[PDB]
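Single-structure report; data block below.
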Amino acid sequence: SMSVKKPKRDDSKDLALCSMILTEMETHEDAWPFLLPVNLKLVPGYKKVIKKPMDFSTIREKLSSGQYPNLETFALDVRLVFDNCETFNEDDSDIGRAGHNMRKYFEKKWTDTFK
């Protein structure tokens with residue numbers, strides 16, 4: 001509350017560390033569904049169904065231009081990628097499996113780096 005603060009957690013390396021995680025996600029062999037924004041002209045249903053599209057290139061540009069206020073807003077966008085993928089793709093599809101794999105990979109790096 002006013003003039004009553006918990007001890008200051010060091011957040012000075014968060015930007016660098018999120019960038020490192022994102023690099024690892026970009027280079028994963030199952031990243032291909034997620035590297036670029038879904039083409040809303042060429043994929044029926046996507047525009048109407050997926051209210052907030054997100055992809056790794058969009059996260060990378062937000063990250064690089066100071067559009068994440070803190071590491072939690074970064075994780076929310078990464079999770080959005082996978083949540084969108086589950087909304088639009090069957091679990092038993094190459095893309096649906098890719099998204100599960102990537103979400104697992106992310107969540108481990110996230111816990112190991114920050115928790």
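Each chain in the structure tokens gets a letter, A, B and so on, in the order shown; residues start at 1 in every chain, and ligands are counted from 1 in the order they appear.
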
Might you pull out every residue within 7 Å of region 20-25 of chain A, with only C-alpha atoms counted and same-chain residues fewer than 4 positions away left off, and present them as a PyMOL selection string? chain A and resi 16+31+109

Write out, as a PDB file, in the first residue's frame, the residues just selected, with N, CA and C atoms.
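Output saved as result_32.pdb:
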```
ATOM      1  N   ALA A  16      16.297  -9.183 -21.810  1.00  0.00           N
ATOM      2  CA  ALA A  16      17.243 -10.121 -22.370  1.00  0.00           C
ATOM      3  C   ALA A  16      16.894 -11.565 -22.277  1.00  0.00           C
ATOM      4  N   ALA A  31       8.205 -24.901 -34.763  1.00  0.00           N
ATOM      5  CA  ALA A  31       7.787 -23.482 -34.717  1.00  0.00           C
ATOM      6  C   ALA A  31       7.065 -23.061 -36.009  1.00  0.00           C
ATOM      7  N   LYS A 109      10.926 -23.624 -20.147  1.00  0.00           N
ATOM      8  CA  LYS A 109      11.886 -22.538 -20.188  1.00  0.00           C
ATOM      9  C   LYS A 109      11.436 -21.411 -19.259  1.00  0.00           C
TER      10      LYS A 109
END
```

If we count only C-alpha atoms and set the cut-off at 9 Å, which residues sit around residue 100 (chain A), ignoring sequence neighbours fewer than 2 positions away in its own chain? Please answer as a PDB file with N, CA and C atoms, in the first residue's frame.
```
ATOM      1  N   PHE A  82      -0.614 -20.256 -28.554  1.00  0.00           N
ATOM      2  CA  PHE A  82      -0.993 -21.649 -28.396  1.00  0.00           C
ATOM      3  C   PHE A  82      -2.457 -21.893 -28.155  1.00  0.00           C
ATOM      4  N   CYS A  85      -4.050 -21.600 -31.468  1.00  0.00           N
ATOM      5  CA  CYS A  85      -3.772 -22.828 -32.238  1.00  0.00           C
ATOM      6  C   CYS A  85      -4.772 -23.906 -31.803  1.00  0.00           C
ATOM      7  N   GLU A  86      -4.960 -24.049 -30.490  1.00  0.00           N
ATOM      8  CA  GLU A  86      -5.961 -25.093 -29.998  1.00  0.00           C
ATOM      9  C   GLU A  86      -7.395 -24.769 -30.404  1.00  0.00           C
ATOM     10  N   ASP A  91      -6.425 -31.442 -32.208  1.00  0.00           N
ATOM     11  CA  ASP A  91      -5.269 -32.072 -31.472  1.00  0.00           C
ATOM     12  C   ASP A  91      -4.495 -33.096 -32.327  1.00  0.00           C
ATOM     13  N   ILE A  95      -0.362 -29.477 -37.062  1.00  0.00           N
ATOM     14  CA  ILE A  95      -0.325 -28.127 -36.431  1.00  0.00           C
ATOM     15  C   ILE A  95      -0.758 -28.211 -34.984  1.00  0.00           C
ATOM     16  N   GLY A  96      -1.817 -29.001 -34.701  1.00  0.00           N
ATOM     17  CA  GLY A  96      -2.382 -29.136 -33.352  1.00  0.00           C
ATOM     18  C   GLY A  96      -1.273 -29.744 -32.458  1.00  0.00           C
ATOM     19  N   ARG A  97      -0.569 -30.765 -32.935  1.00  0.00           N
ATOM     20  CA  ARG A  97       0.530 -31.372 -32.160  1.00  0.00           C
ATOM     21  C   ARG A  97       1.690 -30.409 -31.950  1.00  0.00           C
ATOM     22  N   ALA A  98       2.023 -29.640 -32.999  1.00  0.00           N
ATOM     23  CA  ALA A  98       3.062 -28.631 -32.933  1.00  0.00           C
ATOM     24  C   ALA A  98       2.741 -27.694 -31.802  1.00  0.00           C
ATOM     25  N   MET A 102       5.107 -27.002 -28.541  1.00  0.00           N
ATOM     26  CA  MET A 102       5.668 -25.685 -28.289  1.00  0.00           C
ATOM     27  C   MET A 102       5.243 -25.083 -26.952  1.00  0.00           C
ATOM     28  N   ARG A 103       4.026 -25.286 -26.569  1.00  0.00           N
ATOM     29  CA  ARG A 103       3.529 -24.778 -25.294  1.00  0.00           C
ATOM     30  C   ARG A 103       4.296 -25.440 -24.134  1.00  0.00           C
ATOM     31  N   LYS A 104       4.433 -26.776 -24.244  1.00  0.00           N
ATOM     32  CA  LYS A 104       5.317 -27.508 -23.285  1.00  0.00           C
ATOM     33  C   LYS A 104       6.729 -27.007 -23.206  1.00  0.00           C
ATOM     34  N   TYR A 105       7.396 -26.810 -24.355  1.00  0.00           N
ATOM     35  CA  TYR A 105       8.697 -26.311 -24.436  1.00  0.00           C
ATOM     36  C   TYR A 105       8.816 -24.929 -23.784  1.00  0.00           C
TER      37      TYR A 105
END
```

Which residues come within 12 Å of residue 64 (chain A), counting only C-alpha atoms, excluding same-chain residues fewer than 4 positions away, as a list in words? residues 15, 16, 18, 19, 22, 57, 58, 59, 60, 68, 69 and 74 of chain A

Using only C-alpha atoms, which of the listed residues (A:17, A:12, A:99, A:108) sits closest to residue 29 (chain A)? A:99

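Minimum distance to residue 11 (chain A) across A:92, A:33, A:54, A:114 (counting only C-alpha atoms) occurs at A:114.
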
Separation of CA of residue 48 (chain A) and CA of residue 72 (chain A), in Å? 26.9 Å
